[PDB]
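K.L.:
I need the structure of the sequence given here:
(chains A, B and C)
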Amino acid sequence: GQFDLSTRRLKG
Amino acid sequence: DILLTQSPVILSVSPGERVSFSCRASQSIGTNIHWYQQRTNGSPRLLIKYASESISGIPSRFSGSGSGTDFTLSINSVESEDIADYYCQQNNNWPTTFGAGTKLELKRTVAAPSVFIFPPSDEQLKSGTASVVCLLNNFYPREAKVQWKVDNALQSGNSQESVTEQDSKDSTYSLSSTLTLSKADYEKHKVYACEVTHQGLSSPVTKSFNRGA
Amino acid sequence: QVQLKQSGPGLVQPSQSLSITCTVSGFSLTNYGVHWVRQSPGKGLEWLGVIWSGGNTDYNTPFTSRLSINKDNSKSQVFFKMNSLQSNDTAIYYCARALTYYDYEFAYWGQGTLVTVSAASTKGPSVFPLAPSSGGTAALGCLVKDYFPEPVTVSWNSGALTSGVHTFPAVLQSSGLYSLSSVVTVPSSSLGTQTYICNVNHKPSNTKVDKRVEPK
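P.N.:
Numbers count the residues shown, from 1 in each chain, chains lettered A, B, ... in the order given. What follows is the structure:
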């Protein structure tokens, strides 16, 4: 559901 | 500020199937909505403008519709390259606001991983730390277990895993498990093994080496 | 064509200011407005502000006090400046251009600048080989260990090698330093014929390393 800075994708 | 609610949080489809992305607004905004695509490590890519209007360079399988508070982005036949997150944006009301986004995952056939184990390099050992790496390559689904053993002693707490996002071509995942030991501990033992458990394997697969061959 | 290129990724001390430069080409800053958008774990996509063709600026309400946008039309450069950063200001910052001069449909984006708000010190990574040693296919890679902050870029053979390359997401170690591996699968018969080098670049520390990976 949150944005992940490492992948620029949504994770959880 | 206008609140944009996208549903669902995650969408999982198979290639060739159809898919709709929902974007709901806290109040009417007419057709002042834009859609964006974001691939792994990328910047947003404009898909649709003003609810339904086409964008140069965007595949015709992308389309949008709706007005008022309920809007829909659609892909009539999903391809593997569509793996991304999708956002909506309103601009009927200052300031412009974005939705929280929907993740698009692809289903595919079960693929067992190819396992590879890498001993620590002599270059690293000079620093007093040993990193043993275990690679699980091109598998599906995402769920996998990696079990480390050093001289039949079960390792716990001293490993970290990282997983790539779905590949845009074969829709698979790759995993890396890194076991970290001190140089002293590493030199005190011989057999290093990682056991891999996955749906595509009828039995756990183990890759091992003996320190210094 | 139309391009927007931002300054490199960086560390910013708490309470200090952030400065990003957007250099554009394919169009004149006197003909189009330039917007600024960020993407954070806590707030997602967030519109920050914009500088218009004539030099006017608008700032999103919660940023009106610490945000400042200037530009140099002649040098085709837009200057982003935000004051007194905190931890939740850690995000990826973009500059962007709309389809038309007055609108907000962002057809063109910068590559993004990952900003980390931290008191810690910048530290370049060490690069170790993952040497190959099944079925004609061998695997090799590079271990990129103990760096801060994100990001680090890894390519193979100066960009010529892309097929079969997996660069894993960075993970945070207990030391507060990041680590990642980047792998690639190649025909084993090429291990004696071809050279395999991972090109590692850590912009924040200006660490730039080429690592040759050979069988042991």
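K.L.:
only C-alpha atoms for contact and neighbour calcs from this point on.
P.N.:
Noted.
K.L.:
residue contacts, residue C:47?
P.N.:
Residues in contact with residue C:47, defined by C-alpha atoms under 8 Å, 6 or more residues apart in numbering or on different chains, are B:95-97, C:35-38, C:60.
K.L.:
switch the cut-off to 7 Å
P.N.:
B:96-97, C:36-38, C:60 (C-alpha atoms under 7 Å, 6 or more residues apart in numbering or on different chains).
K.L.:
Residue of chain A nearest chain C, please.
P.N.:
Chain A approaches chain C most closely through residue A:3 (4.4 Å), counting by C-alpha to the nearest C-alpha.
K.L.:
and residue C:78, how many residues sit next to it?
P.N.:
Neighbours of residue C:78 under the rule other C-alpha atoms under 10 Å in any protein chain shown: 23.
K.L.:
How about the contacts made by it?
P.N.:
Contacts here follow C-alpha under 7 Å, 6+ apart; on that basis residue C:78 touches C:21-23, C:70-72.
K.L.:
Selection in ChimeraX covering whichever of these are buried, please.
P.N.:
This is how ChimeraX selects the buried members of those, with burial counted by 16 or more other C-alpha atoms under 10 Å in any protein chain shown:
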select /C:21,22,23,70,71
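K.L.:
is it true that residue C:53 touches residue C:27?
P.N.:
No: when contacts are counted by C-alpha atoms under 7 Å, residue C:53 is not listed as touching residue C:27 (11.5 Å).
K.L.:
Comparing the two, which shows the higher neighbour count?
P.N.:
Using other C-alpha under 10 Å, the more surrounded residue of residue C:53 and residue C:27 is residue C:53, with 18 against 13.
K.L.:
so that one, which of the three states?
P.N.:
Under DSSP: H, G, I helix; E, B strand; the rest coil, residue C:53 falls in the coil class.
K.L.:
Can you tell me the closest non-neighbouring residue to it?
P.N.:
residue C:30 (4.5 Å; C-alpha to C-alpha, 6 or more residues apart in numbering or on different chains).
K.L.:
Could you give the backbone dihedrals for the spatially most distant residue from the centre of chain B?
P.N.:
In chain B, counting by C-alpha atoms, centre = their mean, residue B:188 sits farthest out from the average C-alpha position, at 37.5 Å. Torsion angles at residue B:188 (phi, psi; degrees, to the nearest 10) stand at phi -80, psi 0.
K.L.:
Relative to chain A, how far out is it?
P.N.:
Counting by C-alpha to the nearest C-alpha, to the nearest Å, the gap from residue B:188 to chain A is 36 Å.
K.L.:
what's the neighbour count on residue C:36?
P.N.:
Look at residue C:36: counted by other C-alpha under 10 Å, it has 22 neighbours.
K.L.:
Now do the contacts for it.
P.N.:
By C-alpha under 7 Å, 6+ apart, residue C:36 lies in contact with C:47-50, C:94-96.
K.L.:
Look up which helix or strand it falls in, please.
P.N.:
strand C:34-40 (DSSP states H and E).
K.L.:
how about that strand as CSV, C-alpha atoms only?
P.N.:
What follows is strand C:34-40, C-alpha atoms only, in CSV (Å, rounded to 0.1, in the frame of the first residue of the first chain):
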residue,chain,number,x,y,z
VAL,C,34,7.5,23.8,-15.2
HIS,C,35,5.9,21.9,-12.3
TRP,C,36,7.4,20.1,-9.4
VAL,C,37,6.0,16.9,-8.0
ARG,C,38,7.3,14.6,-5.3
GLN,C,39,6.6,11.0,-4.4
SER,C,40,6.9,9.9,-0.7
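K.L.:
who touches the residue of chain C found nearest chain A in this structure?
P.N.:
Ranked by C-alpha to the nearest C-alpha, the top residue of chain C for proximity to chain A is residue C:41, at 4.4 Å. Neighbouring residues of residue C:41 by C-alpha under 7 Å, 6+ apart: A:2-4.
K.L.:
mind listing which of those are in helices?
P.N.:
Judged by DSSP state H, the subset of the contacts of residue C:41 located in helices is empty.
K.L.:
I'd like these as CSV, with neighbour count appended.
P.N.:
Listed next are those as CSV, based on neighbours: other C-alpha atoms under 10 Å in any protein chain shown:
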residue, neighbour count
A:2, 15
A:3, 21
A:4, 20
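K.L.:
Those into CSV, with extra columns for distance to residue C:117?
P.N.:
Converted to CSV, the contacts of residue C:41 look like this (distance: C-alpha to C-alpha, whole Å):
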residue, distance to residue C:117
A:2, 18
A:3, 17
A:4, 15
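K.L.:
Sitting in strands, which of these do you find?
P.N.:
A:2-4 (DSSP state E).
K.L.:
how near is the closest residue to residue C:106 other than its chain neighbours to residue C:104?
P.N.:
Using C-alpha to C-alpha, 6+ apart and skipping the chain neighbours, the partner closest in space to residue C:106 is residue C:98 (4.4 Å). Here the criterion is C-alpha to C-alpha, to the nearest Å. By it, residue C:98 lies 5 Å from residue C:104.
K.L.:
Next up, the contacts around residue B:190.
P.N.:
Residue B:190 sits next to B:151, B:210-211 when contact means C-alpha under 7 Å, 6+ apart.
K.L.:
Contact partners for residue 4?
P.N.:
Here I'm looking at chain A. By C-alpha under 7 Å, 6+ apart, residue A:4 lies in contact with A:10-11, C:41.
K.L.:
Chain B was what I was after
P.N.:
Contacts of residue B:4 (C-alpha under 7 Å, 6+ apart): B:23-26, B:98-99.
K.L.:
Which strand residues bridge it?
P.N.:
For residue B:4, the beta-bridge partners under DSSP bridges are residue B:25.
K.L.:
Please determine how far it is located from residue C:153.
P.N.:
Per C-alpha to C-alpha, residue B:4 is found 34 Å from residue C:153.
K.L.:
tell me the domain ranges of chain C?
P.N.:
Domain assignment for chain C, taken from curated CATH domains, gives C:1-118, C:122-215.
K.L.:
Now do the end-to-end distance for the last one.
P.N.:
Start and end residues of domain C:122-215 are separated by 32 Å (C-alpha to C-alpha).
K.L.:
Repeat that for stretch C:48-66.
P.N.:
In stretch C:48-66, first residue to last residue: 11 Å (C-alpha to C-alpha).
K.L.:
Any buried residues in it, and which?
P.N.:
Using 16+ other C-alpha under 10 Å as the burial criterion, the residues of stretch C:48-66 that qualify are C:48-53, C:57-60.
K.L.:
Can you pick out the most distant pair from these?
P.N.:
Using C-alpha to C-alpha, the buried residues of stretch C:48-66 span at most 18.1 Å, a distance reached by C:53 and C:60.
K.L.:
Residue C:128 is in contact with residue C:140, isn't it?
P.N.:
No: Residue C:128 lies out of contact with residue C:140 (C-alpha under 7 Å); the separation is 11.3 Å.
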